[PDB]
Amino acid sequence: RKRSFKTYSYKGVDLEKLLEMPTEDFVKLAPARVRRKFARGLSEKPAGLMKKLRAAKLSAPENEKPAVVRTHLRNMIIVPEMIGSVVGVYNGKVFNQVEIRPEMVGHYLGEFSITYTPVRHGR
Amino acid sequence: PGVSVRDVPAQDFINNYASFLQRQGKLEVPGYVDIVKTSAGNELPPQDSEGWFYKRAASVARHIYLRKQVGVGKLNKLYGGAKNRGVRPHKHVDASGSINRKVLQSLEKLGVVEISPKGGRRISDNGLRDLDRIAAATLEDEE
Amino acid sequence: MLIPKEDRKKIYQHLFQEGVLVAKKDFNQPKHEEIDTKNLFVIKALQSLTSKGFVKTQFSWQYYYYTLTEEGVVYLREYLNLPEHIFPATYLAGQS
Amino acid sequence: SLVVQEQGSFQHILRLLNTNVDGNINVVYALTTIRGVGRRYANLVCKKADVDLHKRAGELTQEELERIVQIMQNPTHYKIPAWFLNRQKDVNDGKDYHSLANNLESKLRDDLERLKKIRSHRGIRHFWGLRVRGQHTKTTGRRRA
Amino acid sequence: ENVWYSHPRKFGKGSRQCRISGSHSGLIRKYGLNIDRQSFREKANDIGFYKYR
Amino acid sequence: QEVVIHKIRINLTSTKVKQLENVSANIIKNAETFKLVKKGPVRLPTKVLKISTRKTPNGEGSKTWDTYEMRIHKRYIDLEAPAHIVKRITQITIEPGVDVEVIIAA
Amino acid sequence: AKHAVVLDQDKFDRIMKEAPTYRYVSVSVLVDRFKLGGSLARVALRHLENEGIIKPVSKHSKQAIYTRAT
Amino acid sequence: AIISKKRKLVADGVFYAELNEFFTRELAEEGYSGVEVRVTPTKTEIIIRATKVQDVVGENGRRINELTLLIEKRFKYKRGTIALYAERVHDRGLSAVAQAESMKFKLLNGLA
RNA sequence: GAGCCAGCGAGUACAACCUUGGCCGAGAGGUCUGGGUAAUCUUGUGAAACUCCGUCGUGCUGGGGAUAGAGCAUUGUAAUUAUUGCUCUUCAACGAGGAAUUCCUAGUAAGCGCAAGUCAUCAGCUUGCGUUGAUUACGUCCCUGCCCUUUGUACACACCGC
Ligand SMILES: [Mg+2]
Ligand SMILES: [Mg+2]
Ligand SMILES: [Mg+2]
Ligand SMILES: [Mg+2]
């Protein structure tokens with residue numbers, strides 16, 4: 001063994017760089033929408049939630065999950081700083097628990113929750 | 001008598017111009033040839049492919065000659081047509097702007113087009129002469 | 001109603017100067033024209049005045065209009081201090 | 001331009017990239033018929049090759065075919081802008097790439113799998129067997145896969 | 001007095017009120033009227049607008 | 001002593017047409033009296049302001065419409081004449097309804 | 001497919017034999033007398049117009065009406 | 001100031017309408033019928049047709065003055081550039097608005 | 001490919017409107033600069049459908065463009081439940097539609113685009129506009145509705161009646 005199955009990733013290389021690249025780098029190595037978002041004024045989006053996540057990471061039992069960070073800001077994008085931490089994406093009812101992974105990278109928080117309950121009767 | 005540019009039936013004139021350009025081999029290539037659509041609505045690049053550009057240039061020159069002073073946007077507008085936009089009805093969207101600009105530049109380099117005041121471009125003397133010659137040739141051919 | 005009293009006083013003074021007041025029907029507006037106070041506050045004040053007589057109010061076309069009655073004028077004067085032979089618009093300044 | 005003189009009859013239906021290139025017709029058309037190449041792309045490929053679009057081209061040459069295959073394989077090596085492609089910008093930090101046959105299908109499958117793994121809204125929709133790109137199924141398309 | 005009592009209402013249906021009702025429904029913003037259509041109709045003659053053809 | 005001709009355009013915009021015409025006539029008369037070089041009353045295309053509106057408030061019943069419209073009438077009188085004269089003209093010949101207006105700068 | 005697209009020497013020869021005859025030769029006419037399909041037919045027509053044989057009547061795109069000499 | 005001519009005209013019309021509305025609202029007791037607006041240079045003449053002209057006036061410049069002030073406040077004008085006048089109506093019965101107003105008043109009072 | 005012609009309009013200074021002209025970009029779109037508060041500048045809105053010469057020839061084909069995947073753009077605070085645009089790729093149903101039923105009598109019908117309206121951004125909608133421009137009546141009460149007249153009426157909340 002050497003390479004673990006295959007790299008869980010964005011556009012090329014491996015994980016070791018993902019976790020330690022901060023935000024600008026990520027943006028540079030991301031889609032167009034994301035870039036646009038980054039360009040526009042960031043105030044209240046990456047501020048408090050991020051801090052909370054960091055705190056959770058710090059004060060975990062080690063090996064087990066961090067504390068669940070609840071989120072209205074479902075508009076936010078999954079940057080690599082908080083891969084592993086659990087986020088409670090809001091859907092009117094329920095802060096739906098979403099687990100952030102090495103593949104969930106560069107997608108919106110709101111697109112892992114689903115607000116409605118899907119249709120029955122006939123699929 | 002008096003030979004003129006208008007006496008020739010357009011398409012023929014354009015063809016002649018294209019031929020002349022080909023003979024010259026000095027209109028200069030853009031770089032996008034057959035890696036280019038020509039309009040934002042045309043689900044197929046130019047069928048002629050090699051050449052075509054020359055013809056386009058000639059057409060542009062002719063247009064310039066006809067009008068007082070012409071620019072890029074206007075040219076694009078003239079060129080573009082209907083997008084088979086889908087199940088939606090047709091709009092009018094303008095043609096390849098960059099390509100048009102390139103063509104204009106080429107013309108300028110040649111000495112067809114001259115930069116005008118107010119806005120856009122008009123015609124050079126040499127270019128005019130060339131056009132006249134082409135017209136004459138066309139007339140001769142017709143005869 | 002919750003007014004820093006200074007602002008209220010200022011408003012009153014302005015009213016006295018005028019003999020009239022024109023406001024918007026626009027709450028959330030940060031500061032009124034002429035007076036350096038919130039428009040909402042001014043409106044509230046006007047309403048209060050109306051409730052204890054004094055002012056006459058019209059709500060036409062998103063514009064509150066306000067005029068003082070004799071009693072109202074007197075009240076205003078009392079609030080201020082200014083004794084007699086004073087501004088409003090009950091009589092002309094000179095020739096206009 | 002010219003009618004095909006000489007004996008002719010050089011192979012009805014050629015096999016290329018694990019798929020059926022149809023005889024006669026035209027190179028572009030053949031490419032299109034392959035699961036993964038389209039019209040404009042096909043045209044571009046033809047241009048690169050340097051064959052006439054007028055020719056029916058089931059009587060194509062072997063060298064030409066090879067060249068075409070090579071072109072299909074490699075965007076970056078040849079003069080293809082690399083934003084004209086099927087796929088572009090993929091894995092971690094790296095390069096744009098595309099396939100055009102069986103290969104293309106495989107790539108698509110892989111992408112789908114990835115999406116599923118991610119469990120993104122789109123992925124979820126795909127899983128369901130539904131409408132990924134938010135088109136209203138209140139009235140339209142009442143049969144489905 | 002409270003801090004957050006305002007979403008950015010620069011543009012859209014919410015910003016553009018009418019002059020009379022202050023509604024966001026059938027707003028004629030053509031020629032800088034800014035009038036809910038019914039209201040305009042009611043007053044159109046006074047505002048110079050007459051029916052001919 | 002001066003006789004400094006600035007070249008002055010009088011605009012004449014209105015809704016009411018007859019009134020406007022009358023005003024124009026008056027202006028012309030004044031000019032004649034003062035005896036000046038001027039271009040006659042030029043008439044520009046009548047800009048029409050159209051407001052199409054569903055006759056209904058509630059949008060219930062048949063779908064009927066009312067095209068309410070406004071006629072704008074815009075005239076130009078170009079005077080090759082002095083400043084004082086222009087001022088005088090401005091002072092006399094003002095009617096209700098018509099928007100009298102002066103450009104002054106050629 | 002209904003065939004009549006395949007190209008041969010023999011086929012060419014038969015086509016040639018001959019431009020003479022027929023009041024008018026129209027791509028349409030050529031196909032289907034069961035000859036080489038559309039484009040091919042057009043090409044043949046063009047060839048026939050090289051040195052006499054079949055002179056033209058119309059010249060339009062797709063409405064190309066030709067007739068025997070002389 | 002300085003806008004498209006048509007636009008300006010429209011604005012003016014709107015203003016006039018507003019004024020009319022205000023008059024209807026406010027000068028109910030006075031028996032107001034209609035406004036006449038003449039926009040000359042410097043001064044602007046706002047003529048008012050009402051039944052109770054004296055009432056409208058007040059007592060040698062009061063109510064009218066107040067109204068003027070209000071108008072100024074509304075539309076960013078200065079003192080002098082607005083001139084109000086309260087005039088009589090030539091034959092009230094020929095007017096319609098006035099009649100309507102009268103009827104309304106009667107109704108309010110409580111008549112058959 | 002080439003030819004290349006309209007009419008209604010609309011359009012900003014306290015905002016951010018239309019935006020030519022120049023350079024970058026396959027595009028979309030960026031940029032610098034203007035001109036326009038408007039018979040002046042956008043705008044001859046050189047709109048389409050059309051016309052000409054060539055390429056495919058009657059094969060679910062290059063007809064048809066849906067669903068799809070990816071990227072590039074833009075609007076906005078926010079685009080996943082694709083806003084829209086563009087680029088490549090996918091190529092589904094559908095060979096003129098049964099019972100039924102709509103609209104129409106001349107610059108009409110039908111086609112074709114423009115146009116403002118809503119509008120930060122989105123046109124398959126809408127009110128207008130012009131361009132191309134026919135077929136067949138120029139009658140009748142067969143149907144449908146409506147109108148009257150004469151008739152009959154235990155109805156008058158009037159046939160959903162009594
Ligand atoms: Mg089409
Ligand atoms: Mg014009
Ligand atoms: Mg196909
Ligand atoms: Mg709509």
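The rules we used
Residues numbered from 1 in each chain as written, not as in the entry; some residues may be left out. Chains lettered and ligands numbered in written order. Part of a larger assembly, values for the part shown. Heavy atoms only, no water. Residues with missing side-chain atoms left out of burial classes, pairs and counts. Helix = DSSP H or I, 4+ residues; strand = E, 2+ residues; numbered from the N terminus. Rg over C-alpha atoms; globule rule 2.2 N^0.38 Å. Buried < 20%, exposed > 50% of the residue type's maximum accessible area, 1.4 Å probe, protein only. Pairing = 2+ DSSP bridges. Axes fitted to C-alpha atoms, helices over the stretch in contact; angles between N-to-C directions. Contact = heavy atoms within 4.5 Å. Buried area = accessible area lost by both parts, 1.4 Å probe. Salt bridge = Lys/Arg side-chain N within 4 Å of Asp/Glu carboxyl O. Polar contact = N/O pair within 3.5 Å; in protein donor to acceptor, adjacent residues only side chain to side chain. Nonpolar A, V, L, I, M, F, W, Y, C, P; charged D, E, K, R; others polar. Near = heavy atom within 4 Å.

K.L.:
Got a sec to walk through the overall build of chain G? Specific residues and values, please.
P.N.:
What chain G contains, in helices and strands, is three helices and two strands. Overall, chain G shows an N-to-C arrangement of helices and strands of α-α-α-β-β. In terms of overall size, chain G behaves like a compact globule, its C-alpha atoms giving a radius of gyration of 11 Å where 70 residues would be expected to give roughly 11 Å. Here the C-alpha coordinates of chain G stretch approximately 35 × 25 × 20 Å along the principal axes. Burial status across chain G gives 33% buried among its 70 residues.

K.L.:
Please set out the sheet that holds strand 1 (residues 21–24) of chain C residue by residue, giving values where relevant.
P.N.:
Strand-to-strand pairing in sheets goes through backbone hydrogen bonds, with the strands running parallel or antiparallel. All names here are of chain C. Taken in spatial order, the three strands line up as 1-3-2 in an open sheet, and their pairing is antiparallel. Only two strands of the sheet have a single neighbouring strand rather than two, namely strand 1 and strand 2 (55–58). Between one strand and the next, the sheet's axes are offset by a mean angle of 20°, whatever the strand orientation. Of the pairings in the sheet, the one linking strand 1 to strand 3 (residues 63–68) comprises four bridges and is antiparallel in character. Note that in strand 3 the partner of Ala 23 across the bridge is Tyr 64.

K.L.:
Give me the lowdown on the interface of chain E and chain H, citing residues and values where you can.
P.N.:
At the interface, eight residues of chain E touch 10 residues of chain H. Roughly 770 Å² is buried in total at the junction of chain E and chain H, and carbon and sulfur atoms are behind 68% of that figure. Taken together, chain E and chain H are joined by one salt bridge. Close ionic contact of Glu21(H) with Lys43(E) constitutes a salt bridge, the shortest N to O distance being 3.9 Å. Linking chain E to chain H there are zero residue pairs in polar contact. Looking at the side of chain E that touches chain H, its residues break down into five nonpolar, no polar and three charged.

K.L.:
Outline the protein's contact with RNA strand I, supporting the account with residue identities and numerical values.
P.N.:
Neighbouring residues of RNA strand I: 129 residues in total, closest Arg36(A), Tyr108(A), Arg67(B), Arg40(D) and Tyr31(E). Expressed as a percentage, the sugar and phosphate content of the atoms of RNA strand I within 4 Å of the protein is 71%. Interatomic distance of 2.7 Å between a side-chain N/O atom of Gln11(B) and a sugar or linking oxygen of RNA strand I. Within the contact set of RNA strand I, a phosphate oxygen lies 2.6 Å away from a side-chain nitrogen or oxygen of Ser98(B). Split into classes, the residues belonging to the surface near RNA strand I amount to 43 nonpolar, 41 polar and 45 charged.

K.L.:
Give me the lowdown on the arrangement of the chains, citing residues and values where you can.
P.N.:
Of all eight pairs of chains in contact, the one with the most contacts involves chains A and D. No part of chain A reaches chain E; the closest C-alpha pair between them is 13 Å apart. Structurally, chain C and chain G remain out of contact, their C-alpha atoms never closer than 68 Å.

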